[PDB]
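Below is the file data_27.txt, which contains compact mmCIF, C-alpha atoms.
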```txt
# COMPACT_ATOMS: atom_id res chain seq x y z
CA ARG A 1 90.47 105.91 78.93
CA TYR A 2 87.58 103.50 78.38
CA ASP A 3 87.13 103.00 74.63
CA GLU A 4 90.71 101.87 74.01
CA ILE A 5 90.53 99.37 76.89
CA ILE A 6 87.36 97.71 75.60
CA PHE A 7 88.75 97.71 72.05
CA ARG A 8 91.91 95.97 73.30
CA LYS A 9 89.89 93.45 75.31
CA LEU A 10 87.62 92.80 72.31
CA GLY A 11 90.61 92.24 70.01
CA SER A 12 89.35 94.85 67.55
CA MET A 13 91.41 96.12 64.63
CA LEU A 14 90.06 99.63 65.30
CA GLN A 15 92.52 100.03 68.19
CA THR A 16 95.77 101.65 67.12
CA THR A 17 99.04 99.72 67.31
CA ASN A 18 101.87 101.17 69.42
CA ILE A 19 104.68 100.63 66.90
CA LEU A 20 104.91 104.30 65.91
CA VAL A 21 105.10 107.15 68.39
CA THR A 22 101.71 108.37 69.57
CA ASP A 23 100.27 111.57 68.13
CA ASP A 24 100.21 113.32 71.51
CA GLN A 25 103.80 112.42 72.41
CA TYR A 26 105.21 113.53 69.06
CA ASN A 27 103.09 116.69 69.17
CA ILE A 28 104.46 117.56 72.61
CA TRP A 29 108.02 116.85 71.42
CA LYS A 30 107.53 119.03 68.34
CA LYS A 31 106.01 121.88 70.35
CA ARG A 32 108.75 121.78 72.99
CA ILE A 33 111.52 121.77 70.36
CA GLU A 34 109.80 124.46 68.28
CA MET A 35 109.12 126.75 71.25
CA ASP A 36 112.88 127.20 71.73
CA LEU A 37 113.71 126.92 68.01
CA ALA A 38 113.10 130.62 67.29
CA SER B 1 116.04 88.64 140.90
CA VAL B 2 115.95 85.90 138.24
CA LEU B 3 116.06 86.51 134.49
CA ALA B 4 115.45 83.21 132.68
CA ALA B 5 115.85 82.60 128.95
CA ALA B 6 113.98 79.43 127.99
CA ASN B 7 113.62 77.71 124.63
CA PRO B 8 110.04 76.64 123.80
CA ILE B 9 109.72 72.96 122.88
CA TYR B 10 109.34 71.86 119.25
CA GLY B 11 112.05 74.48 118.66
CA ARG B 12 109.66 77.02 117.15
CA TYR B 13 106.79 78.45 119.18
CA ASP B 14 103.72 77.47 117.18
CA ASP B 15 101.09 80.22 117.23
CA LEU B 16 98.30 77.65 116.77
CA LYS B 17 98.79 76.39 120.33
CA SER B 18 98.26 77.60 123.88
CA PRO B 19 101.51 78.51 125.69
CA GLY B 20 101.03 75.51 127.98
CA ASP B 21 101.39 73.14 125.02
CA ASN B 22 104.57 74.82 123.73
CA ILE B 23 106.24 74.34 127.14
CA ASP B 24 107.78 71.37 128.96
CA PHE B 25 107.89 72.11 132.69
CA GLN B 26 105.60 72.54 135.67
CA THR B 27 102.60 74.71 134.82
CA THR B 28 102.85 76.60 138.13
CA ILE B 29 106.12 78.12 136.88
CA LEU B 30 103.99 80.30 134.59
CA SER B 31 102.43 81.60 137.82
CA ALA B 32 105.90 82.44 139.20
CA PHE B 33 107.32 84.85 136.61
CA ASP B 34 105.88 88.35 136.52
CA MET B 35 106.19 88.57 132.72
CA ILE B 36 106.99 86.30 129.78
CA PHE B 37 108.12 87.45 126.33
CA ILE B 38 107.41 85.11 123.41
CA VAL B 39 109.47 86.95 120.81
CA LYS B 40 108.83 86.08 117.17
CA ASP B 41 111.12 86.38 114.15
CA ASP B 42 108.66 86.20 111.26
CA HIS B 43 110.44 86.95 108.00
CA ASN B 44 110.05 90.48 106.64
CA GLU B 45 111.64 92.46 103.82
CA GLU B 46 112.44 95.95 105.09
CA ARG B 47 112.99 95.11 108.76
CA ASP B 48 115.56 92.45 107.85
CA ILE B 49 117.31 94.94 105.55
CA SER B 50 117.54 97.48 108.37
CA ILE B 51 118.87 94.82 110.75
CA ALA B 52 121.43 93.74 108.15
CA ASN B 53 122.50 97.36 107.74
CA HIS B 54 123.02 97.62 111.50
CA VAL B 55 125.04 94.39 111.63
CA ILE B 56 127.25 95.43 108.71
CA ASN B 57 127.80 98.80 110.40
CA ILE B 58 128.80 96.94 113.58
CA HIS B 59 131.25 94.63 111.80
CA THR B 60 132.67 97.62 109.91
CA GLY B 61 133.77 99.22 113.19
CA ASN B 62 131.66 102.33 112.55
CA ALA B 63 129.53 101.38 115.56
CA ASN B 64 132.39 102.34 117.90
CA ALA B 65 132.55 105.91 116.59
CA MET B 66 128.75 106.14 116.47
CA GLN B 67 128.47 105.07 120.11
CA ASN B 68 131.24 107.46 121.15
CA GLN B 69 129.47 110.35 119.41
CA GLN B 70 126.14 109.36 120.96
CA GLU B 71 127.76 109.29 124.41
CA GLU B 72 129.23 112.74 123.73
CA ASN B 73 125.75 113.91 122.71
CA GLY B 74 124.30 112.53 125.95
CA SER B 75 122.02 110.11 124.08
CA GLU B 76 123.89 107.01 125.32
CA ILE B 77 125.29 106.17 128.75
CA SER B 78 128.61 104.44 129.35
CA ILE B 79 128.29 100.96 130.82
CA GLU B 80 130.43 101.84 133.86
CA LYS B 81 128.52 105.09 134.36
CA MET B 82 125.26 103.18 133.87
CA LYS B 83 126.27 100.69 136.57
CA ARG B 84 127.21 103.53 138.91
CA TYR B 85 123.84 105.18 138.27
CA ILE B 86 122.01 101.90 138.92
CA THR B 87 123.86 101.38 142.20
CA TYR B 88 123.10 104.96 143.26
CA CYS B 89 119.41 104.53 142.41
CA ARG B 90 119.22 101.24 144.32
CA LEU B 91 120.96 102.59 147.41
CA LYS B 92 119.12 105.90 147.77
CA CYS B 93 115.44 106.04 146.80
CA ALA B 94 112.44 103.84 147.57
CA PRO B 95 109.22 105.19 146.04
CA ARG B 96 105.61 104.35 146.86
CA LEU B 97 102.45 104.39 144.76
CA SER B 98 99.92 107.24 144.44
CA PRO B 99 96.10 106.93 144.51
CA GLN B 100 95.82 108.09 140.89
CA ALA B 101 97.99 105.22 139.65
CA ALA B 102 96.18 102.60 141.74
CA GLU B 103 92.68 103.41 140.46
CA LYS B 104 93.63 103.10 136.78
CA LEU B 105 95.42 99.82 137.53
CA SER B 106 92.30 98.52 139.27
CA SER B 107 90.01 99.56 136.40
CA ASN B 108 92.25 98.10 133.68
CA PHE B 109 92.72 94.85 135.59
CA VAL B 110 88.96 94.64 136.13
CA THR B 111 88.44 94.98 132.37
CA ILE B 112 91.09 92.32 131.68
CA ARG B 113 89.56 89.95 134.24
CA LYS B 114 86.06 90.44 132.81
CA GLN B 115 87.35 89.79 129.28
CA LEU B 116 89.05 86.55 130.36
CA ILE B 117 95.75 85.84 134.62
CA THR B 118 94.95 86.15 138.33
CA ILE B 119 94.79 88.88 140.96
CA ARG B 120 98.53 88.27 141.41
CA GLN B 121 99.14 89.94 138.04
CA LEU B 122 97.77 93.31 139.17
CA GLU B 123 100.08 93.33 142.19
CA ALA B 124 102.99 92.21 140.00
CA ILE B 125 102.40 95.15 137.64
CA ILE B 126 102.99 97.45 140.64
CA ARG B 127 106.62 96.29 140.58
CA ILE B 128 107.09 97.78 137.10
CA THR B 129 105.89 101.26 138.08
CA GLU B 130 107.88 101.12 141.33
CA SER B 131 110.95 100.24 139.26
CA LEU B 132 110.30 103.15 136.89
CA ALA B 133 109.89 105.55 139.82
CA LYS B 134 113.19 104.24 141.22
CA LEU B 135 114.76 104.94 137.83
CA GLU B 136 113.49 108.52 137.93
CA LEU B 137 114.18 108.76 141.70
CA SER B 138 110.69 110.21 142.00
CA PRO B 139 109.29 110.25 145.56
CA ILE B 140 106.17 108.41 144.36
CA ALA B 141 105.14 106.13 141.51
CA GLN B 142 103.16 107.83 138.76
CA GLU B 143 100.42 106.99 136.27
CA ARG B 144 102.70 108.06 133.42
CA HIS B 145 104.84 105.11 134.48
CA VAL B 146 101.69 102.97 134.67
CA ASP B 147 100.94 103.63 130.99
CA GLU B 148 104.23 102.10 129.84
CA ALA B 149 103.96 99.35 132.45
CA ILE B 150 100.53 98.41 131.07
CA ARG B 151 101.85 98.54 127.51
CA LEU B 152 104.70 96.17 128.41
CA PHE B 153 102.33 93.88 130.31
CA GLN B 154 100.01 93.73 127.30
CA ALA B 155 102.91 93.12 124.91
CA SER B 156 104.33 90.42 127.17
CA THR B 157 101.55 88.35 128.74
CA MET B 158 99.10 88.56 125.82
CA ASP B 159 101.60 87.21 123.27
CA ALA B 160 99.38 84.13 122.80
CA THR B 161 80.98 98.58 125.71
CA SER B 162 83.30 98.00 122.75
CA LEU B 163 83.28 94.28 123.57
CA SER B 164 79.66 94.15 122.37
CA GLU B 165 80.77 95.62 119.03
CA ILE B 166 83.65 93.13 118.88
CA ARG B 167 81.30 90.19 119.45
CA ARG B 168 78.85 91.58 116.89
CA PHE B 169 81.76 91.64 114.43
CA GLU B 170 82.48 88.02 115.37
CA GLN B 171 78.86 87.08 114.64
CA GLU B 172 78.87 89.00 111.35
CA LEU B 173 82.10 87.27 110.30
CA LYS B 174 80.67 83.88 111.25
CA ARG B 175 77.77 84.67 108.93
CA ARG B 176 80.08 86.15 106.28
CA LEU B 177 82.74 83.41 106.34
CA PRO B 178 81.53 79.79 106.21
CA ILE B 179 83.70 77.13 107.81
CA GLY B 180 86.63 76.21 105.58
CA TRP B 181 86.61 79.38 103.48
CA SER B 182 89.51 81.80 103.08
CA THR B 183 89.86 85.57 102.85
CA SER B 184 92.38 88.37 103.46
CA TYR B 185 92.76 91.17 105.99
CA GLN B 186 92.51 93.86 103.31
CA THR B 187 89.35 92.26 101.92
CA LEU B 188 87.74 92.42 105.37
CA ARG B 189 88.92 96.02 105.69
CA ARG B 190 87.32 97.00 102.38
CA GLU B 191 84.08 95.09 102.92
CA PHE B 192 83.38 95.89 106.60
CA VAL B 193 85.47 98.89 107.73
CA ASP B 194 85.46 100.99 104.55
CA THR B 195 81.70 100.33 104.54
CA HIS B 196 81.68 101.41 108.22
CA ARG B 197 79.93 98.25 109.38
CA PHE B 198 82.54 98.04 112.15
CA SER B 199 85.59 99.95 113.35
CA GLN B 200 89.20 98.98 112.63
CA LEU B 201 89.90 98.47 116.34
CA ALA B 202 86.88 96.17 116.46
CA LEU B 203 88.30 94.37 113.41
CA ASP B 204 91.66 93.77 115.09
CA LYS B 205 90.19 92.76 118.45
CA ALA B 206 87.63 90.40 116.88
CA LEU B 207 90.29 88.75 114.71
CA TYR B 208 92.52 88.33 117.78
CA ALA B 209 89.75 86.83 119.92
CA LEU B 210 88.52 84.54 117.14
CA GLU B 211 92.07 83.29 116.60
CA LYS B 212 92.31 82.48 120.30
CA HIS B 213 88.82 80.94 120.20
CA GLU B 214 90.02 78.56 117.43
CA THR B 215 87.42 80.00 115.05
CA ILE B 216 89.92 81.46 112.57
CA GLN B 217 93.63 81.27 111.76
CA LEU B 218 95.82 84.12 110.53
CA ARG B 219 98.29 83.15 107.80
CA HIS B 220 101.12 84.85 105.90
CA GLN B 221 101.12 87.96 108.11
CA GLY B 222 97.45 88.71 107.44
CA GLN B 223 97.49 88.15 103.67
CA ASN B 224 95.38 85.02 104.22
CA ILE B 225 92.65 84.38 106.79
CA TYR B 226 91.13 80.91 107.20
CA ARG B 227 88.22 79.89 109.43
CA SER B 228 89.46 76.82 111.31
CA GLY B 229 86.21 76.18 113.16
CA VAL B 230 82.88 77.45 114.43
CA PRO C 1 93.02 83.37 73.38
CA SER C 2 93.31 82.66 77.07
CA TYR C 3 89.65 81.61 77.04
CA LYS C 4 89.61 80.60 80.72
CA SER C 5 91.64 83.57 81.97
CA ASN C 6 89.55 86.08 80.01
CA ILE C 7 86.33 84.86 81.62
CA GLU C 8 87.91 84.84 85.08
CA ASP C 9 89.19 88.40 84.58
CA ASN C 10 85.81 89.61 83.34
CA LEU C 11 84.21 88.07 86.43
CA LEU C 12 86.80 89.72 88.69
CA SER C 13 87.53 92.90 86.69
CA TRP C 14 84.07 93.78 85.35
CA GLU C 15 85.11 97.45 85.25
CA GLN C 16 87.13 96.53 82.13
CA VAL C 17 83.89 95.58 80.33
CA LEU C 18 81.04 97.67 81.72
CA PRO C 19 81.18 101.49 81.28
CA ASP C 20 70.52 104.34 90.41
CA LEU C 21 71.57 101.02 91.93
CA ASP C 22 73.56 100.30 88.75
CA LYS C 23 76.24 102.75 89.93
CA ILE C 24 76.95 100.82 93.16
CA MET C 25 76.32 97.08 92.76
CA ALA C 26 78.25 94.93 90.30
CA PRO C 27 76.49 92.15 88.36
CA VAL C 28 75.49 89.27 90.62
CA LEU C 29 77.54 86.71 88.68
CA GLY C 30 80.90 88.38 89.35
CA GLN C 31 80.14 89.14 92.99
CA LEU C 32 79.18 85.49 93.46
CA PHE C 33 82.37 84.42 91.67
CA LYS C 34 84.24 86.41 94.31
CA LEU C 35 82.83 84.13 97.01
CA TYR C 36 83.41 81.13 94.73
CA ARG C 37 87.10 82.01 94.68
CA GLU C 38 86.89 82.43 98.46
CA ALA C 39 84.96 79.14 98.66
CA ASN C 40 86.25 75.71 99.65
CA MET C 41 86.24 72.57 97.49
CA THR C 42 82.91 71.36 98.90
CA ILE C 43 80.24 73.81 100.02
CA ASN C 44 77.14 73.57 102.18
CA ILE C 45 74.91 75.60 99.87
CA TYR C 46 72.91 77.09 102.75
CA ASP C 47 76.05 78.76 104.12
CA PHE C 48 76.89 80.06 100.64
CA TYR C 49 73.40 81.56 100.35
CA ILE C 50 73.77 83.11 103.81
CA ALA C 51 77.08 84.74 102.85
CA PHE C 52 75.69 86.01 99.54
CA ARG C 53 72.70 87.47 101.38
CA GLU C 54 75.02 89.16 103.88
CA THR C 55 77.03 90.78 101.07
CA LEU C 56 73.92 92.35 99.52
```

Show me the file's structure as structure tokens.
Amino acid sequence: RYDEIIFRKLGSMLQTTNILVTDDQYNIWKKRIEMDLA
Amino acid sequence: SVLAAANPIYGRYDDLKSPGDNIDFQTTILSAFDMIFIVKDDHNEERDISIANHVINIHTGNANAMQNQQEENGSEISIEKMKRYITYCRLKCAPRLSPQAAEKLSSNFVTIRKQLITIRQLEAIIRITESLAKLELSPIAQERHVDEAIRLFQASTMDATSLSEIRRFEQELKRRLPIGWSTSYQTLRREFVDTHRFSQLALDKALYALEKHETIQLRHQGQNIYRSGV
Amino acid sequence: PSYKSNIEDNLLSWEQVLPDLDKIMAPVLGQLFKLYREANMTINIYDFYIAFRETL
């Protein structure tokens, strides 16, 4: 990734904060649980 | 036959010095021994861990069973049987060199002499291959013994057109590194060898020669390289 | 901020800032800072110029 790195270096508020789980990680968790749910 | 274990003066053999300066006795003694081994014990992480593992295995008493099993496997010889074998080899066979072994010895010694050790060293090396042929009880000495003899000679005596490429690397490093500057082995690798300005063998040989020629000094096992002079 | 450290990193880690010679050669300032880090306390400037020329 390039945009996130330069945003972090620039100290921009546009960069997301890693306090909550990332969208991709939670999406993968939801899909893996749901695939065996039914 | 004399096997002499000598402690270099100043306690630790300094690599910045010629072997003559790390020694206190008559210089002609260096012309008496066939080989000298300046063994070094530079600190290392994994090698020390392996050595510690071996020593703990020895103190545990597992080494006895391991040696017994190795002897049963034929991978290790009993000391009494080894002595009997040595006596039998000494009493029976007496090999002699072959023309193929002599010519390679002459060529390699010519290269070593041109790079620089006296003519006595070439004749002394013959003892190693004769000894190996005696070990194998072969009727003649062989070049396949000469390879290991040369490797041991190189790793013993040298403890302290490719030459044109090596010297070109030396010139390019003298231009690249001003006096008093510092660099690293990996940096030189990336900037000269990965760019294919020079080969890795040329890199190693040029660094070795420049260190002997007091131009550069190797520090911290190659992590730091400092130019000590012209 | 680590004002000093940020500048040093940008000089050494220009890939964290920048996104046909442009594809090969880094900006001159950072490549010269590399030698500056390799440099001694006092420098004969002619030797420094020679080394910089050799790196080009």

Env of segment 134-141 of chain B: 8 Å cut, atoms = only C-alpha atoms, seq-sep filter 2 positions within chain, self excluded. Answer as a PDB file with C-alpha atoms, keeping the file's coordinate frame.
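As a result, part32.pdb now contains:
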```
ATOM      1  CA  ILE B  86     122.010 101.900 138.920  1.00  0.00           C
ATOM      2  CA  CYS B  89     119.410 104.530 142.410  1.00  0.00           C
ATOM      3  CA  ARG B  90     119.220 101.240 144.320  1.00  0.00           C
ATOM      4  CA  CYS B  93     115.440 106.040 146.800  1.00  0.00           C
ATOM      5  CA  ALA B  94     112.440 103.840 147.570  1.00  0.00           C
ATOM      6  CA  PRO B  95     109.220 105.190 146.040  1.00  0.00           C
ATOM      7  CA  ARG B  96     105.610 104.350 146.860  1.00  0.00           C
ATOM      8  CA  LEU B  97     102.450 104.390 144.760  1.00  0.00           C
ATOM      9  CA  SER B  98      99.920 107.240 144.440  1.00  0.00           C
ATOM     10  CA  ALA B 101      97.990 105.220 139.650  1.00  0.00           C
ATOM     11  CA  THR B 129     105.890 101.260 138.080  1.00  0.00           C
ATOM     12  CA  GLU B 130     107.880 101.120 141.330  1.00  0.00           C
ATOM     13  CA  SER B 131     110.950 100.240 139.260  1.00  0.00           C
ATOM     14  CA  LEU B 132     110.300 103.150 136.890  1.00  0.00           C
ATOM     15  CA  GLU B 143     100.420 106.990 136.270  1.00  0.00           C
ATOM     16  CA  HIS B 145     104.840 105.110 134.480  1.00  0.00           C
TER      17      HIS B 145
END
```

Could you state the separation of atom CA of residue 60 of chain B and atom CA of residue 72 of chain B in Å, given to one decimal place?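 Those two atoms sit 20.8 Å apart.
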
Tell me as a VMD selection string which residues belonging to chain C come within 12 Å of chain B, counting only C-alpha atoms. chain C and resid 34 to 56

I'd like a table as JSON lines: residues in chain A with an atom no more than 9 Å from chain C, each row giving the shortest atom pair and its distance in Å to one decimal, all atoms listed in the file counted, sorted by chain and rising residue number.
```
{"residue": "A:2", "atom": "CA", "partner": "C:19", "partner_atom": "CA", "distance": 7.3}
{"residue": "A:5", "atom": "CA", "partner": "C:16", "partner_atom": "CA", "distance": 6.9}
{"residue": "A:6", "atom": "CA", "partner": "C:17", "partner_atom": "CA", "distance": 6.2}
{"residue": "A:9", "atom": "CA", "partner": "C:16", "partner_atom": "CA", "distance": 8.0}
```

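Our summary of the geometry notes that atom CA of residue 105 of chain B is positioned 16.3 Å from atom CA of residue 35 of chain B.
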
Kindly give the distance, in Å, that separates atom CA of residue 119 of chain B and atom CA of residue 158 of chain B, rounded to a single decimal.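 Result for atom CA of residue 119 of chain B versus atom CA of residue 158 of chain B: 15.7 Å, one decimal.
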
Compile the contact shell of residue 42 of chain B as a short mmCIF file (atom, residue, chain, number, x, y, z; two decimals) with C-alpha atoms, in the coordinates of the input: residues with an atom at most 10 Å away, counting only C-alpha atoms, same-chain residues fewer than 2 positions apart removed.
```
data_model
loop_
_atom_site.label_atom_id
_atom_site.label_comp_id
_atom_site.auth_asym_id
_atom_site.auth_seq_id
_atom_site.Cartn_x
_atom_site.Cartn_y
_atom_site.Cartn_z
CA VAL B 39 109.47 86.95 120.81
CA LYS B 40 108.83 86.08 117.17
CA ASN B 44 110.05 90.48 106.64
CA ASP B 48 115.56 92.45 107.85
CA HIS B 220 101.12 84.85 105.90
CA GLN B 221 101.12 87.96 108.11
#
```

What's the 12 Å shell around residue 112 of chain B, counting all atoms listed in the file, without same-chain residues fewer than 5 positions away, as a list in words?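 What passes the distance filter is residues 105, 106, 107, 117, 118, 119, 121, 122, 150, 153, 154, 157, 158 and 163 of chain B.
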
Which residues, written as a PyMOL selection string, have at least one atom at most 8 Å from segment 14-16 of chain A, with all atoms listed in the file counted and residues fewer than 4 positions away on the same chain left out? chain A and resi 4+7-8

Provide an axis-aligned box for all listed atoms of segment 13-29 of chain A, padding each side by 5 Å; report its centre and its edge lengths in Å to one decimal, as JSON.
```
{"center_x": 99.0, "center_y": 106.8, "center_z": 68.6, "size_x": 28.0, "size_y": 31.4, "size_z": 18.0}
```

Within 9 Å of residue 212 of chain B using all atoms listed in the file, minus same-chain residues under 4 positions, as a PyMOL selection string: chain B and resi 16-18+160+207-208+216-217

Atoms added to segment 13-26 of chain C (N, CA, C and O atoms), reported as a JSON list (two decimals), in the coordinates of the input:
```json
[["chain", "number", "residue", "atom", "x", "y", "z"],
["C", 13, "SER", "N", 87.12, 91.56, 87.11],
["C", 13, "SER", "CA", 87.53, 92.90, 86.69],
["C", 13, "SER", "C", 86.45, 93.47, 85.76],
["C", 13, "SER", "O", 86.76, 93.99, 84.68],
["C", 14, "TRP", "N", 85.19, 93.38, 86.20],
["C", 14, "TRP", "CA", 84.07, 93.78, 85.35],
["C", 14, "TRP", "C", 84.16, 95.24, 84.92],
["C", 14, "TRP", "O", 83.52, 95.62, 83.93],
["C", 15, "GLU", "N", 84.92, 96.06, 85.64],
["C", 15, "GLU", "CA", 85.11, 97.45, 85.25],
["C", 15, "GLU", "C", 85.80, 97.58, 83.89],
["C", 15, "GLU", "O", 85.67, 98.62, 83.25],
["C", 16, "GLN", "N", 86.50, 96.54, 83.45],
["C", 16, "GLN", "CA", 87.13, 96.53, 82.13],
["C", 16, "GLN", "C", 86.14, 96.21, 81.01],
["C", 16, "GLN", "O", 86.53, 96.26, 79.84],
["C", 17, "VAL", "N", 84.89, 95.89, 81.34],
["C", 17, "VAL", "CA", 83.89, 95.58, 80.33],
["C", 17, "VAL", "C", 82.77, 96.61, 80.40],
["C", 17, "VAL", "O", 82.49, 97.30, 79.41],
["C", 18, "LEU", "N", 82.14, 96.73, 81.56],
["C", 18, "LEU", "CA", 81.04, 97.67, 81.72],
["C", 18, "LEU", "C", 81.56, 99.10, 81.77],
["C", 18, "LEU", "O", 82.66, 99.35, 82.28],
["C", 19, "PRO", "N", 80.80, 100.07, 81.24],
["C", 19, "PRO", "CA", 81.18, 101.49, 81.28],
["C", 19, "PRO", "C", 80.91, 102.13, 82.64],
["C", 19, "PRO", "O", 79.91, 101.80, 83.28],
["C", 20, "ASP", "N", 69.12, 103.94, 90.43],
["C", 20, "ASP", "CA", 70.52, 104.34, 90.41],
["C", 20, "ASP", "C", 71.40, 103.29, 91.08],
["C", 20, "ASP", "O", 72.57, 103.55, 91.38],
["C", 21, "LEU", "N", 70.82, 102.11, 91.31],
["C", 21, "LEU", "CA", 71.57, 101.02, 91.93],
["C", 21, "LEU", "C", 72.68, 100.52, 91.02],
["C", 21, "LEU", "O", 73.65, 99.91, 91.49],
["C", 22, "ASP", "N", 72.56, 100.77, 89.71],
["C", 22, "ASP", "CA", 73.56, 100.30, 88.75],
["C", 22, "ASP", "C", 74.93, 100.90, 89.04],
["C", 22, "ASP", "O", 75.95, 100.29, 88.69],
["C", 23, "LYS", "N", 74.98, 102.07, 89.66],
["C", 23, "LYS", "CA", 76.24, 102.75, 89.93],
["C", 23, "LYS", "C", 76.99, 102.17, 91.12],
["C", 23, "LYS", "O", 78.17, 102.51, 91.30],
["C", 24, "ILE", "N", 76.36, 101.32, 91.92],
["C", 24, "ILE", "CA", 76.95, 100.82, 93.16],
["C", 24, "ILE", "C", 77.22, 99.32, 93.09],
["C", 24, "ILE", "O", 78.33, 98.88, 93.41],
["C", 25, "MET", "N", 76.24, 98.53, 92.68],
["C", 25, "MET", "CA", 76.32, 97.08, 92.76],
["C", 25, "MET", "C", 76.76, 96.51, 91.42],
["C", 25, "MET", "O", 76.19, 96.84, 90.38],
["C", 26, "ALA", "N", 77.78, 95.65, 91.47],
["C", 26, "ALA", "CA", 78.25, 94.93, 90.30],
["C", 26, "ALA", "C", 77.26, 93.82, 89.93],
["C", 26, "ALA", "O", 76.39, 93.47, 90.73]]
```
